[PDB]
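Visitor: need a structure here:
(4 chains, ligands or ions: 4)
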Amino acid sequence: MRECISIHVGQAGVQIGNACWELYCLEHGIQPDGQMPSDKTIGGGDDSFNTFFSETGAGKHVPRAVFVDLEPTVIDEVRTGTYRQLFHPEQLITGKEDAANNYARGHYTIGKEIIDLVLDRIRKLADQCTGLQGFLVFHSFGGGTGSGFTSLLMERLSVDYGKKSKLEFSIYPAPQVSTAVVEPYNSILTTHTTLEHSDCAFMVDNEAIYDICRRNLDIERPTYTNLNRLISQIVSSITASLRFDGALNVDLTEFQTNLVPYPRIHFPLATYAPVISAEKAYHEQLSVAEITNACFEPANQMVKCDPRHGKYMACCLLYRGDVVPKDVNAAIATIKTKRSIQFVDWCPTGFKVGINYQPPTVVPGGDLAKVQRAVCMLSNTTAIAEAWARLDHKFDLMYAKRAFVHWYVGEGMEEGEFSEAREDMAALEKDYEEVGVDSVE
Amino acid sequence: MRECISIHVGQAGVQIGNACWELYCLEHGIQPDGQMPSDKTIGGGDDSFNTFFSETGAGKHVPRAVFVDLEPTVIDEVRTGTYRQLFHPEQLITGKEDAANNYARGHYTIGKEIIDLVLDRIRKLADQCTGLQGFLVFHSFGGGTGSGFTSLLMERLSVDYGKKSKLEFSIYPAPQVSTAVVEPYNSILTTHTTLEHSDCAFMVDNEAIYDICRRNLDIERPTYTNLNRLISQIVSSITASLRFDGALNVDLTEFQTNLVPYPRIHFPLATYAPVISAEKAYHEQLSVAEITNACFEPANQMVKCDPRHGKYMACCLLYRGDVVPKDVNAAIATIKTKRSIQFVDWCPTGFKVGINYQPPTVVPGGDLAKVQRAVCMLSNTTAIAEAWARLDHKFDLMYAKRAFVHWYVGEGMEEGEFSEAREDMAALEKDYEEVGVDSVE
Amino acid sequence: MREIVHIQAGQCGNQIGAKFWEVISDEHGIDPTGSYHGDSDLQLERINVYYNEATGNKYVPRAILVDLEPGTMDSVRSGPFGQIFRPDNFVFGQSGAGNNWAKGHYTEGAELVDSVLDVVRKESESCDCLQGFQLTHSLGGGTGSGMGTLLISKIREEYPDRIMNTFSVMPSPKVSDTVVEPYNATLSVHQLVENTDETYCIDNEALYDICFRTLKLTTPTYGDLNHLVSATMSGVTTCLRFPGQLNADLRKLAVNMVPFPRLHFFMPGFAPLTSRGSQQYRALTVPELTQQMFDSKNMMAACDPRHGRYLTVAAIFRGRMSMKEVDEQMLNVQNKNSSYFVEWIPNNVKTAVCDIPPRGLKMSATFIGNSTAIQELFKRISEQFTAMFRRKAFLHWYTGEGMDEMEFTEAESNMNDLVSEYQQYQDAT
Amino acid sequence: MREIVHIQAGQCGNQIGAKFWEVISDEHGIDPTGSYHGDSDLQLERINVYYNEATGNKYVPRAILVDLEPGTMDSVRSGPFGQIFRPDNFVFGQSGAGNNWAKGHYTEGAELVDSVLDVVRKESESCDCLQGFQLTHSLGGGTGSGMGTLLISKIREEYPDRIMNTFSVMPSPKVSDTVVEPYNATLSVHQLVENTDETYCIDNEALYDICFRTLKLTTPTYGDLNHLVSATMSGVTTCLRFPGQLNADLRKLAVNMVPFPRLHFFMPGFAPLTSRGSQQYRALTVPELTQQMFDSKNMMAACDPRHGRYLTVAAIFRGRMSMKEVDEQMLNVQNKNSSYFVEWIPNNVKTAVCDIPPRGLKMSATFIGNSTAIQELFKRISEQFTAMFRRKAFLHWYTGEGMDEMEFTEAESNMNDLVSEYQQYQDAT
Ligand SMILES: CC(=O)O[C@H]1C(=O)[C@@]2(C)[C@H]([C@H](OC(=O)c3ccccc3)[C@]3(O)C[C@H](OC(=O)[C@H](O)[C@@H](NC(=O)c4ccccc4)c4ccccc4)C(C)=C1C3(C)C)[C@]1(OC(C)=O)CO[C@@H]1C[C@@H]2O
Ligand SMILES: CC(=O)O[C@H]1C(=O)[C@@]2(C)[C@H]([C@H](OC(=O)c3ccccc3)[C@]3(O)C[C@H](OC(=O)[C@H](O)[C@@H](NC(=O)c4ccccc4)c4ccccc4)C(C)=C1C3(C)C)[C@]1(OC(C)=O)CO[C@@H]1C[C@@H]2O
Ligand SMILES: Nc1nc2c(ncn2[C@@H]2O[C@H](COP(=O)(O)OP(=O)(O)O)[C@@H](O)[C@H]2O)c(=O)[nH]1
Ligand SMILES: Nc1nc2c(ncn2[C@@H]2O[C@H](COP(=O)(O)OP(=O)(O)O)[C@@H](O)[C@H]2O)c(=O)[nH]1
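Guide: Residues are numbered from 1 along each chain as shown, chains lettered A, B, ... in the order given. Ligands and ions are numbered 1, 2, ... in the order given. The relevant structure is shown in the block below.
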């Protein structure tokens, strides 16, 4: 059984998961009290709730997910909220003080105190698995728990397990919008485990999502609650071919085989094409052809980036619903035709399509409309180096005067560690300079 | 008929028995006024009340148990309480002053005055037996009656009877928690009869039970009343295959044959796996496989101990309820697989399973939930030597200055007896050093 | 003529035989009460092989139930088939065996065996012309091992020429549910060597393996594994009870299964075994059944025949079948697999063919193999034995009961000598 | 006689064969449940070429379904035709292949192939006189490519003289839906060279082109393209199953299709293909069908024959037809187009004529071509291969799984050598 583990770390990581685990409840037809209703005398793990829901006896569905925070407060929104009996009580693990936007606290001081209790929750879910697929860590670069703790966990998960996929859903720091002033300190130090221990790190940021809500979608005033329903449709599609039938299904490992060229070039941005408001959902031509072109739009990116500034290296089309493939292959051939879209010269064969039959669900009270088709495009590009150049420069400014150093050293790390994680990220940005360039003879 | 004798000595020994004889009343369907209700026109000693209940004429069930105390006060909680007509009047034997945390008083001074009246109660129950199995002494090491009197009785029970099993349910002194300061004096002196006269001594202690209530069970604030319902499920399962049908039944003597290697290596700790609170009883996977693994947990121990510090020598699985054996044999083979679990090198064949069909009863107002399966694991390990090293050191501290010696000598024992019972326990702890070690050639 | 006395002994012995006399009692159309409700007069011609007819056409088996514990007897009495036995054949003590060999063979066994051999003589003095006996018991129990081998070693003094065979369950190291089952199995292998004519070694793991892989069961109990075993025990003496084209008694097997004395440890096998649903997808034929009887995954002994050579086999078919296909399939096997057979014996296979299949299908078969690969059993025990005994663990519960050490060392050597008897007869030309 | 074992492998393999045994199961009037519901006794004379008759006139194919992923098997079971297979032939692992060649050929393939060759021997030991095998698989998948070529290279060690052919789907650069399909196709072309008797190279673009232009379909799925392909695979072995005027087995083609060893890569073709509606406007005749079989737009391989020369072709007609018109049309072609044929072979065409058309029309035909123009396939791959491999992209997912570089460089050279084998046999007199 294609089972998978969600881990939701820190405030952002928890609050995304609300929006994730809201959705799968609708995907598999599960009430917020964990119950499938009486109109499901059909095949459950044939609808495959069984990758995200261990079926407790007597018709009861509890996730394979763990909600971890160093602060009591965030998870206590999940107790009560409405999800107060969806979750297993023992998978909502609270500390007492958060890392408090301090990587040294989340990794050394506070994080170690709950790390074995969290790893022991993993084993209780790891031993219930048959054919474990991998882990889905959610966090934010630029928290304390999202960076400090996640770094501590990913070390321990690499040692105990090794073999499985470990996906990350990070939130990257936005170039203008930021709310912590040590936001770049906590991102340089999380660089270390993100490239080494994760197998595929995704990056999103809040400004590139603000664009999409306002422009494609005509929401006046987004909150985090609005953005995370969007986040969840990207992840819901990723992991949908594990758990629904379709031609050209794609396991969690078939991403990495088809998306990732080299060891540490594993930072693909996602998109999602049918972000359409109810009114704008008429005046649609929402065919396969238009929605494939919309993925390649530099405005429909989930990262503050412009693929017109770099070259794509792989793409990866994951479609849901009322789909005929030859419409897709004719829309690929258009994509190969255009010269505004630069692939690299060593790719040649562009990219991997994957289709699934299960259409998305419209989240109730949600922002989307009812669409028939839907497409994430996970896509390596050299344009995500530009996100890095805009953030190294913020780190290099503050660390030039050794600003907030005294908080960090007095918590269980060294001054020396800044100089290593800065070199470490400077080497990544040098890899994408050398991976964009073709070789000639 | 598979009959058995409970003897409940001292304050702790009585107050456990309340929680034991509460339970069997529910096991066999007996009201607190000793009556089976009208809906039992089925086979009584076929449900085999007849190991713990001599059926008085006219449908009335009185135990084969004797409640002994040197103090009037404890048993007077049983007269009245609610059990005031469950018990035979003549099996509630009171002294007038307790031994008063003084072994010399419980064994020589006060104990001899009631010892023949207690042995004569045994004969009145011994002669009513057909196929007497053995005795179940309950007490605490570190009382006066629990140590001094129990030592006196076990001498007399070995002489009159010899042949039968004599189980003990001791409470061992906890390393931090203690309430008597001569607690180690009374434990060194009870060492003598525990290894010599008992056939199988169990040890529990209060801290290792505090853990389980708080952690597995989410009780905020345990009392003795809470702990002893737990104690009683361990004993209720031990003696359940005598008195219910199941495949692989296990008599009282089949423990000792399968649990006990050598003459004095007969100190097995028990566990119990489904200690689950009502809320945490959903979010269960409470299969046979998980509940077998839970026995081998160093946290689910009934002794302040960590089997990761010693090697198991035998184990002994006693299961109740909705059980398919092949699930068990596949869970054994997992246990043999792991290298965190050290058996010894002369065991090879690990351990003995036993199954019973009768599911536990949820004690009303009790702490457990409704579980379908349940497992005690009686298990010899070399890790119980560690409980001893932590208590000899407390004895050796106080006896270095000959502290409370003047109370003991002036009551009917010698200074010389401390030096013999210290050597006696030092030899046990030397046996487990020499029984953990394999022989090589 | 050719009666069989059944001595089911111990807990395990009683469970199998409970299910055993539920099959035989279906073979001959015996009511639960003990009346006859068949239609075919084949069921009665040879009913007397197992059943005493009593007054007014009730049919009481010739089985004797022995125990050292009242429990199993009360279960059987109170069940569906309590009515079928004679109540003077429920012979039982009160004090349990301890899963201790000494306790069932010397102390508490010897006390009872007088009151049981007196029941053996009720049965043996009533028969026309007795053929054989049979224990159903367990090497690894107290009464199955100890009391069983006391009953055996006291029947050879009375009835020294009847085919006495056992269906003995042998321990497997993968599935352990008793700590001293090496002690209890070693001291009874010692007795089965010198005293028995045929020994059908059965394991536990080999029966799950049939349930999981072949039958596609989910959740096996003792109830299910012995339901298999009873379909083997029915097959053994089929041609004793039904007419056939080749007949084959107990004695007929014994004679040409057993090259040397002492090597009388057989590996059964049954075929067919399908799941329900997967029955309309196998065509049921003699080459279909032959392939199951020689596949390793249909052995009720937890060994692989490929770790040795069959000395001899017997093939007992039950059904309206041909003789060429039988004589050919049994030929094409000992040609294609000629290195899996001992070559100093021509025609390793004996066929027997009955006419009467079990009461649900056509064309069953039963494989009974004298393979050299059974020393894999005796060594896995004599490694556990020698690992506990070097410490002298669990010794006082044995020396306490009338035994001593020198019974152990000799019994260990009698097991380890016959490992060097299967070994000699595997290799060396 | 002349049985065919079917090994459908991978995801693609299972989809085609799902639709393949929906055609064959119509050729012989097999019910979805597995009973027979025909009327003509032609359907049964040679049913045994594909179907084991089982107990009580049910017909179980001789197909084995292999996968490294439970999904396709559960789909097929739960569909219209789940009932038809034997449930012991649904052999599958749990961990997916990765669309990785190494993962299906070394790590997770080798683990399973033991449990599959044991199913090959269930099938091969039941046949009267086996003719051949067949994979249905995909060069560009994990299990289709990797596990397929592990199964093949282990059958040549067992059954070294049976016609083993593949219907392999080959990648096209116009339609890409996997990034490393050059890696996965290169390492399996290497195995198909030395191990296979005939190889029917099929593409994707060539099947849309038939749907769009000829059939006038709107919206093709895998469901529709393999429905075509299965009408080719039926045609191949028609004269093996039906009586004809010229017969032609698997072996008959093989022999005179293949000049040199190693050049066993064929281009199928089917005719007729009309839309519905445009059927009453074509007169259906032998010159009508011949013109479709030689037109480039009816090739199921995405090439143009005009970029080379046919070495040899075979023409397999199915229907009540003449022999002069056949013998003439096949003559008038290799005269008018004599520069499109290799001239060192006289009579490039082999005709076979069956008597039994498909179950909707008269007079079908099947073109199977050994053209030199198939090096257009091998070069379009060995350009993508050499463009990724010069960077060593996607390498750690391969060297991680037991492979190394030197398996690549040799496998690239084995593909690039046979480009220089079609090249030699196109030109040079
Ligand atoms: C339509 C049909 O043919 O059904 C068969 C059947 O499907 C199969 C699968 C049966 C079936 O057996 C089981 O499923 C099974 C259940 C528990 C324990 C062991 C097996 C069957 O239940 C059992 C049943 O057996 C008999 O009736 C024999 O007489 C058998 N008798 C019993 O053990 C028995 C069963 C139930 C009640 C009372 C007695 C026997 C075999 C050898 C020697 C003496 C007697 C049969 C043939 C079948 C069913 C009914 C489905 C099989 O078993 C036996 C012992 O025959 C399992 O593998 C064999 C092959 C059979 O073909
Ligand atoms: C009235 C009439 O003559 O109609 C024809 C028809 O119009 C044509 C266009 C058919 C038709 O086929 C298709 O349109 C088609 C659909 C999906 C994929 C591939 C083709 C036909 O559907 C398919 C159908 O095929 C058969 O019945 C064969 O036995 C065929 N069987 C199947 O594949 C099958 C399909 C659907 C339902 C049941 C069976 C076969 C072919 C080769 C080997 C074995 C079996 C036929 C002759 C026709 C229709 C019905 C319109 C054609 O195809 C076949 C496979 O024969 C397409 O080009 C040919 C030429 C036929 O003349
Ligand atoms: N198949 C099988 N039979 C057993 C096993 N253990 C004991 N037996 C049988 O049970 C009988 C021996 O009794 P035992 O179970 O020791 O008796 P008790 O333990 O006092 O009730 C014999 O007939 C044995 O063949 C076992 O593990 N498997
Ligand atoms: N023709 C073809 N077959 C494919 C393609 N991708 C995978 N396959 C086939 O699918 C099988 C692998 O199964 P896969 O799709 O990986 O299974 P998953 O775990 O469900 O993704 C192999 O037999 C492949 O040859 C493709 O692009 N084309």
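Visitor: Can you tell me, leaving aside adjacent residues, what's nearest to residue A:5?
Guide: Excluding its sequence neighbours, the residue lying closest to residue A:5 (Cβ to Cβ, 6 or more residues apart in numbering or on different chains) is residue A:135, at 4.6 Å. (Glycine included, C-beta is placed from N, CA and C.)
Visitor: same question but for residue A:115, I mixed them up
Guide: In space, residue A:115 is closest to residue A:152, 5.6 Å off (Cβ to Cβ, 6+ apart).
Visitor: which phi and psi does that neighbour have?
Guide: As for residue A:152, its main-chain torsions (degrees, to the nearest 10) stand at phi -70, psi -40.
Visitor: wait, what's in contact with it?
Guide: By Cβ atoms under 8 Å, 6 or more residues apart in numbering or on different chains, residue A:152 lies in contact with A:106, A:107, A:111, A:112, A:115.
Visitor: let's see it at 10 Å
Guide: Contacts for residue A:152 were tallied using Cβ atoms under 10 Å, 6 or more residues apart in numbering or on different chains; they are A:9, A:106-108, A:110-112, A:114-115, A:118-119, A:145, A:193.
Visitor: before we move on, back to that, surely the residue nearest to residue A:5 forms part of a strand?
Guide: Yes. Residue state for residue A:135 (DSSP: H, G, I helix; E, B strand; the rest coil) corresponds to a strand.
Visitor: just checking, what's the longest helix in chain A?
Guide: Criterion DSSP state H: the longest helix present in chain A is helix A:416-435.
Visitor: For the residue lying closest to residue A:296 once chain neighbours are set aside, I want the exact helix or strand it lies within.
Guide: Distance criterion Cβ to Cβ, 6+ apart; nearest residue to residue A:296, sequence neighbours excluded, is residue A:341 at 5.8 Å. Using DSSP states H and E, residue A:341 sits within no helix or strand.
Visitor: Mind checking which of the contacts of residue A:152 are buried?
Guide: A:9, A:106, A:107, A:110, A:111, A:114, A:115, A:118, A:119, A:145, A:193 (16 or more other Cβ atoms under 10 Å in any protein chain shown).
Visitor: okay but residue A:110 is in contact with residue A:96, surely?
Guide: Yes. Assessed by Cβ atoms under 10 Å, residue A:110 is found in contact with residue A:96 at 8.8 Å.
Visitor: For residue 403, list the residues it contacts.
Guide: Here I'm looking at chain A. Contact partners of residue A:403, counting by Cβ under 10 Å, 6+ apart, are A:181, A:182, A:185, A:397.
Visitor: The chain in question should be chain C.
Guide: Going by Cβ under 10 Å, 6+ apart, residue C:403 touches C:100, C:101, C:102, C:103, C:105, C:106, C:107, C:187, C:395, C:397, C:411.
Visitor: and if you look at residue A:378?
Guide: Contacts of residue A:378 (Cβ under 10 Å, 6+ apart): A:200, A:202, A:234, A:237-238, A:255, A:258-259, A:268-271, A:295, A:314-318, A:351-352, A:354.
Visitor: Buried members of those residues into PyMOL, please.
Guide: Entered in PyMOL, the line below selects the buried ones among the contacts of residue A:378, by 16+ other Cβ under 10 Å:
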select buried, chain A and resi 200+202+234+237+238+255+258+259+268+269+270+271+295+314+315+316+317+318+351+352+354
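Visitor: near chain C, which residues of chain A?
Guide: By Cβ under 10 Å from any Cβ of the partner chain, no part of chain A sits against chain C.
Visitor: Point me to the residue of chain A nearest ligand 1.
Guide: residue A:43 (25.0 Å; Cβ to the nearest ligand atom).
Visitor: so how far is residue D:261 from the residue nearest to that residue when sequence neighbours are not counted?
Guide: Once flanking residues are discounted, residue A:43 sits nearest to residue D:78: 7.7 Å by Cβ to Cβ, 6+ apart. Relative to residue D:261, residue D:78 is positioned 43 Å away (Cβ to Cβ, to the nearest Å).
Visitor: Can you name the residue of chain A nearest ligand 4?
Guide: As assessed by Cβ to the nearest ligand atom, ligand 4 sits closest to residue A:249 within chain A, at 4.0 Å.
Visitor: Any idea how many residues pack against residue 46?
Guide: This is for chain A. Neighbours of residue A:46 under the rule other Cβ atoms under 10 Å in any protein chain shown: 13.
Visitor: please go with chain C instead
Guide: Neighbourhood size, residue C:46 [other Cβ under 10 Å]: 19.
Visitor: Spit out the contact partners of residue C:155.
Guide: Going by Cβ under 10 Å, 6+ apart, residue C:155 touches C:5, C:7, C:117, C:120, C:124, C:133, C:135, C:162, C:164, C:195.
Visitor: List the residues that contact residue 64.
Guide: Just going to use chain A. By Cβ under 10 Å, 6+ apart, residue A:64 lies in contact with A:3-7, A:50-54, A:88, A:91, A:122, A:125-126, A:128-129, A:132, A:135-136.
Visitor: I was after chain C.
Guide: C:5-9, C:17, C:85-86, C:88-91, C:116-117, C:119-120, C:122-123, C:133, C:151.
Visitor: which of those residues count as buried?
Guide: Among those, those classed as buried by 16+ other Cβ under 10 Å are C:5-9, C:17, C:85-86, C:89-91, C:116-117, C:119-120, C:123, C:133, C:151.
Visitor: and chain D, which of those residues reach it?
Guide: Checking these against chain D (Cβ under 10 Å from any Cβ), there are no matches.
Visitor: Among those residues, which lie within strands?
Guide: Among the buried ones among the contacts of residue C:64, the members falling in strands (DSSP state E) are C:6, C:7, C:8, C:9, C:90, C:91, C:133.
Visitor: out of those residues, which touch ligand 2?
Guide: Checking those against ligand 2 by Cβ under 6 Å from any ligand atom, not one of them is in range.
Visitor: Adding distance to ligand 3 as columns, could you present those residues in TSV?
Guide: As requested, those are exported to TSV (distance: Cβ to the nearest ligand atom, whole Å):
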residue	distance to ligand 3
C:6	12
C:7	9
C:8	6
C:9	4
C:90	14
C:91	13
C:133	14
